[PDB]
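Each of two forms of one protein chain follows alone as structure tokens, named structure 1 and structure 2.
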Structure 1
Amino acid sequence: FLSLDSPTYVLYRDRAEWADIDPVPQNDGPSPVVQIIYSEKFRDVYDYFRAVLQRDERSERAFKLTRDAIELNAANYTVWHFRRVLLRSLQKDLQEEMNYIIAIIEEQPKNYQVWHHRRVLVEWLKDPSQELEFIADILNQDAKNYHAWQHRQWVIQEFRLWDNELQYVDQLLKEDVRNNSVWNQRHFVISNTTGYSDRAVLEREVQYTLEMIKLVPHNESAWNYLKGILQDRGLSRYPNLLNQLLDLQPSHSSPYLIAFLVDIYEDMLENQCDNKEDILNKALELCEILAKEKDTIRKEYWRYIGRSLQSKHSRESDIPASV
């Protein structure tokens, strides 16, 4: 009807069809704190929203009013709640409402209320047919939109729409291999489908990650993914890993590779490896290179790791005070 931004928009207090209602001013008290000096439009819409909410007027005009209240402050959760009450009482077409929420999210995609509303609509309609494509469009504008990814996981999980997601993940990783949201999605898909225990899958994943690490040795996401998928079973469980990382030391070094070596040593030492001592020293040597040269921002962490390894793996660690 009358858009909040049309040049001919009129305040509610000047609308004939609203003449019967007395606006309800905000109750801030005698001497307000954090009082917002609202614009005319804002205060006018909200005074009328307060009026309908207080009367619990479940009408078409009240419904149209919430659209304006929402555009003025899409974070107003109270307005969203009342709008959902109206969607049910007035038996409003939910697909028309889906069209509305997709437009709103397009304009304010970093809002909690808009995504929650879309979710409720999908639940009500029990129809996820428009989701993956809609979300893909939002992700095309901000590939790291947290709410978008979260809604995407919900849709995929609740409706078992796993079939094409790894393909989607591969596409986005191609666009920006540094997109951590995509690496997280990659893990989400795999752990809920084949799992990582399947040796063929794990192997494939590691080959892929090491390959990406070679193309962009400083991309921290690939490094965190590799550690992420191997750390639970134990880094020491994979003997070839160490040798292979060392082979990248020359033309693919990074404080990331150095840190990984320390993690491998740490676990090797945790699982009584051969040459206990040779390993410990290699580790402390790296912890120092990191704390003093290659990763000083994390000097306090690296000093602590060095101190922890020392505390429990030095040849003296199991020796009684008397010896």
Structure 2
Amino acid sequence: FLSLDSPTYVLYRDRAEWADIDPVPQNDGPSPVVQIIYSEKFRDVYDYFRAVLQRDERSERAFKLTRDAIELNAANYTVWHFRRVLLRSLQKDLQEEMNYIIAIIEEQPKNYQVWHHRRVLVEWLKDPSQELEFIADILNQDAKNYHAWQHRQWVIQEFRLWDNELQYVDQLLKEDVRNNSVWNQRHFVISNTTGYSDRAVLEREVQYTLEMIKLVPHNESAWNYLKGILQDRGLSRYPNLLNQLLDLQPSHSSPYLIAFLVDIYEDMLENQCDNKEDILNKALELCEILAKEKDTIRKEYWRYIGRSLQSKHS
């Protein structure tokens, strides 16, 4: 109703409808620490909020008061909790609250309390029809917003909305193949639907990733995904992979590729392969290439990895 910046705004202490309530002030005692100074307007709203809270007043006026308290500080979780209590007590229109929270989140997409509030609402309504589109809008202003991706995974899992996510992922990877959040989403969708045990799926995915790597060879995300879906099956069990990678070294080289190769050679050594002492040298050779010229910032790490390989296979 009465906006905090309206020319005709009136402090709560001067409103007739609030004359019966005694405001409750905050007191930090004798020597306050990390004390924040508050304006008259701010302190006024919260002095009445404390009053209403202290008496657990489930009134319509209290509900309107929370709107102001939230405008002054959307990070106050107690205010949001109380607002939810009131939402229930007064049996308020939840579809309206969805509009409210939708606006708030757009203005403060990094606030934990607002995302939690929206999730509680969606649970209450058991209605996820608005979710995927809302999240896509937020992800459009910030494609890596952790809160947004988290909410998205919750919605999809809770209401089983897997049908179009893999397509959404393909779309975003085209917009920015370096977005680590989207690669994570891809693995989220696949491992929760078809899984990777279907050789046809694994092949589709390994092929897809190599295509993306060829487009932008220096992308940790793509390489991590590729290694991720194969590491547990056993990298050494894929002979054509080793050769296809070795064929990329010429042009599409990068520290990620070199590392992958080292990880492949190590898997081999781990599986009593043929030419143990020869494979080990191919690995050590790469570790040193990484340390001395390809990933120098990790110089000491790679040398450390190398020393580890020797003392383990000799």
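Quick note, the numbers are simply positions in structure 1, starting from 1. We call the rigid core whatever largest set of C-alpha positions still superposes within 1.5 Å between the two forms.
After superposing the rigid core, the Cα of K41 is displaced by 2 Å or more between the two structures. Its Cα shifted by 0.6 Å, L53 is compared between the two structures on a rigid core fit. Taking the core as the reference frame, the CA atom of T8 shifts 4.3 angstrom between the two structures. Its Cα shifted by 2.2 Å, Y304 is compared between the two structures on a rigid core fit.
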